[PDB]
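Scroll down for the structure; my scribbles are underneath it.
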Number of protein chains: 2
Amino acid sequence: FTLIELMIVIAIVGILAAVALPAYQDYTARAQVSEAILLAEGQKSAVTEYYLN
Amino acid sequence: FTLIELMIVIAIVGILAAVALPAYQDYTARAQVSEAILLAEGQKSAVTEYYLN
């Protein structure tokens, strides 16, 4: 008898595929969301520039 | 794990927008306040001119 050793595999086979993937496509999103933010960084002072002058 | 690298961005994203902007719209004001002063410069001697003669 070994099957419970196979059972535990197929328990490992059914993986979670952690929410630490989709919370980190949401924070990979935070990466390229930031890529949008880093654009905004340029306009921060330029928009400001119009706003002040 | 990298998120603290994203955290620190969004700490950089929330910028100060330094008071060295509004203290220097107040001193940009000092520029065009001076533009009013540089007008006054002409009247300094002309007002004086009436005052003396």
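In the structure tokens, each chain is lettered A, B, ... as it comes, each chain's residues begin at 1, and ligands are numbered from 1 in order of appearance.
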Chain fit, chain A moved to chain B over all Cα pairs in order, as a compact mmCIF listing (two decimals) with N, CA and C atoms, in the first residue's frame:
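Output file out-v7.txt is given in full below:
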```
# COMPACT_ATOMS: atom_id res chain seq x y z
N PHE A 1 7.81 38.58 -3.33
CA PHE A 1 7.38 39.83 -2.69
C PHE A 1 8.15 41.06 -3.16
N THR A 2 7.41 42.07 -3.59
CA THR A 2 7.98 43.36 -3.97
C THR A 2 7.15 44.54 -3.48
N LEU A 3 5.97 44.30 -2.90
CA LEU A 3 4.95 45.34 -2.76
C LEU A 3 5.45 46.55 -2.04
N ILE A 4 6.34 46.36 -1.08
CA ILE A 4 6.86 47.52 -0.39
C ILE A 4 7.59 48.43 -1.36
N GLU A 5 8.07 47.88 -2.48
CA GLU A 5 8.55 48.73 -3.54
C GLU A 5 7.43 49.48 -4.22
N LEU A 6 6.23 48.93 -4.23
CA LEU A 6 5.09 49.68 -4.75
C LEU A 6 4.58 50.66 -3.72
N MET A 7 4.61 50.25 -2.45
CA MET A 7 4.24 51.13 -1.36
C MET A 7 5.03 52.42 -1.44
N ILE A 8 6.34 52.29 -1.59
CA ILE A 8 7.19 53.46 -1.51
C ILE A 8 6.95 54.35 -2.70
N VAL A 9 6.54 53.78 -3.83
CA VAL A 9 6.13 54.61 -4.96
C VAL A 9 4.96 55.46 -4.53
N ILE A 10 3.89 54.80 -4.08
CA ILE A 10 2.67 55.51 -3.75
C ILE A 10 2.87 56.45 -2.57
N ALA A 11 3.97 56.27 -1.84
CA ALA A 11 4.45 57.31 -0.94
C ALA A 11 5.13 58.43 -1.71
N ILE A 12 5.82 58.10 -2.80
CA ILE A 12 6.36 59.14 -3.66
C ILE A 12 5.25 59.75 -4.49
N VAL A 13 4.22 58.97 -4.81
CA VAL A 13 3.13 59.51 -5.61
C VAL A 13 2.41 60.59 -4.82
N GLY A 14 1.98 60.25 -3.62
CA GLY A 14 1.51 61.30 -2.76
C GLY A 14 2.75 62.12 -2.53
N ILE A 15 2.83 63.23 -3.25
CA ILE A 15 3.98 64.10 -3.13
C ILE A 15 3.61 65.12 -2.10
N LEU A 16 4.60 65.84 -1.63
CA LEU A 16 4.29 67.01 -0.85
C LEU A 16 3.60 68.05 -1.70
N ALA A 17 4.10 68.26 -2.92
CA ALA A 17 3.81 69.49 -3.64
C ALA A 17 4.19 70.67 -2.76
N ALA A 18 5.51 70.78 -2.60
CA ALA A 18 6.16 71.59 -1.59
C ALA A 18 5.51 72.93 -1.42
N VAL A 19 5.51 73.40 -0.17
CA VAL A 19 5.19 74.79 0.12
C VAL A 19 6.13 75.73 -0.60
N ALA A 20 7.28 75.22 -1.08
CA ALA A 20 8.13 75.96 -2.00
C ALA A 20 7.49 76.15 -3.36
N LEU A 21 6.28 75.71 -3.57
CA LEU A 21 5.48 76.26 -4.64
C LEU A 21 4.65 77.46 -4.17
N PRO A 22 3.82 77.33 -3.13
CA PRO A 22 3.01 78.47 -2.72
C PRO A 22 3.74 79.55 -1.95
N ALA A 23 4.85 79.22 -1.31
CA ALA A 23 5.69 80.30 -0.83
C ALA A 23 6.40 81.00 -1.98
N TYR A 24 6.42 80.38 -3.15
CA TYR A 24 7.02 80.94 -4.33
C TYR A 24 6.01 81.21 -5.42
N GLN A 25 4.73 80.99 -5.16
CA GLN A 25 3.78 81.87 -5.80
C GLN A 25 3.70 83.16 -5.01
N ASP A 26 3.95 83.08 -3.70
CA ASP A 26 4.08 84.28 -2.88
C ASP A 26 5.37 85.03 -3.19
N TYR A 27 6.38 84.35 -3.73
CA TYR A 27 7.58 85.02 -4.19
C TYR A 27 7.66 85.10 -5.70
N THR A 28 6.88 84.29 -6.42
CA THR A 28 6.48 84.70 -7.75
C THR A 28 5.63 85.94 -7.64
N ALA A 29 4.77 85.98 -6.63
CA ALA A 29 4.09 87.23 -6.35
C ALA A 29 5.12 88.31 -6.10
N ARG A 30 6.16 88.01 -5.32
CA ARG A 30 7.21 89.00 -5.14
C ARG A 30 7.82 89.40 -6.46
N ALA A 31 7.77 88.53 -7.47
CA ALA A 31 8.21 88.95 -8.79
C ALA A 31 7.27 90.00 -9.37
N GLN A 32 5.98 89.70 -9.45
CA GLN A 32 5.10 90.67 -10.08
C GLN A 32 4.60 91.72 -9.12
N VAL A 33 4.61 91.43 -7.83
CA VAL A 33 4.61 92.51 -6.86
C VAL A 33 5.76 93.46 -7.19
N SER A 34 6.94 92.90 -7.48
CA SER A 34 8.03 93.77 -7.89
C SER A 34 7.72 94.46 -9.19
N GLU A 35 7.00 93.78 -10.08
CA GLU A 35 6.55 94.43 -11.30
C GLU A 35 5.70 95.65 -10.97
N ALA A 36 4.94 95.60 -9.88
CA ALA A 36 4.29 96.81 -9.41
C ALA A 36 5.31 97.77 -8.83
N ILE A 37 6.32 97.24 -8.17
CA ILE A 37 7.32 98.10 -7.56
C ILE A 37 8.13 98.79 -8.64
N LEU A 38 8.45 98.07 -9.70
CA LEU A 38 9.23 98.67 -10.76
C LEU A 38 8.45 99.78 -11.44
N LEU A 39 7.12 99.70 -11.42
CA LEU A 39 6.36 100.86 -11.84
C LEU A 39 6.62 102.01 -10.90
N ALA A 40 6.45 101.74 -9.60
CA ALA A 40 6.64 102.73 -8.55
C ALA A 40 7.98 103.42 -8.68
N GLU A 41 8.99 102.68 -9.14
CA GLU A 41 10.32 103.23 -9.36
C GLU A 41 10.27 104.49 -10.21
N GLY A 42 9.44 104.49 -11.24
CA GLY A 42 9.32 105.68 -12.06
C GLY A 42 8.74 106.83 -11.28
N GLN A 43 7.69 106.56 -10.51
CA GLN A 43 7.07 107.61 -9.74
C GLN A 43 7.91 108.07 -8.57
N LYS A 44 8.90 107.28 -8.15
CA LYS A 44 9.74 107.66 -7.02
C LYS A 44 10.33 109.03 -7.23
N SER A 45 10.91 109.24 -8.40
CA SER A 45 11.54 110.51 -8.68
C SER A 45 10.52 111.54 -9.13
N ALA A 46 9.46 111.09 -9.80
CA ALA A 46 8.48 112.03 -10.30
C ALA A 46 7.63 112.58 -9.17
N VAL A 47 7.17 111.70 -8.28
CA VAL A 47 6.51 112.15 -7.07
C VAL A 47 7.44 113.04 -6.28
N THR A 48 8.68 112.58 -6.13
CA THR A 48 9.72 113.39 -5.53
C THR A 48 9.83 114.72 -6.24
N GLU A 49 9.74 114.68 -7.57
CA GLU A 49 9.94 115.89 -8.34
C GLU A 49 8.92 116.95 -7.97
N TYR A 50 7.66 116.55 -7.84
CA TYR A 50 6.66 117.48 -7.35
C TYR A 50 6.96 117.88 -5.92
N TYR A 51 7.42 116.92 -5.12
CA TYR A 51 7.58 117.17 -3.70
C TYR A 51 8.67 118.19 -3.45
N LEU A 52 9.67 118.22 -4.32
CA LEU A 52 10.83 119.07 -4.11
C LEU A 52 10.65 120.44 -4.73
N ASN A 53 9.93 120.51 -5.84
CA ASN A 53 9.74 121.76 -6.57
C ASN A 53 8.38 122.37 -6.35
```
Write out as a ChimeraX atom specification the set of residues from chain B that DSSP, computed on the backbone, places in alpha helix (DSSP H). /B:3-13,26-52
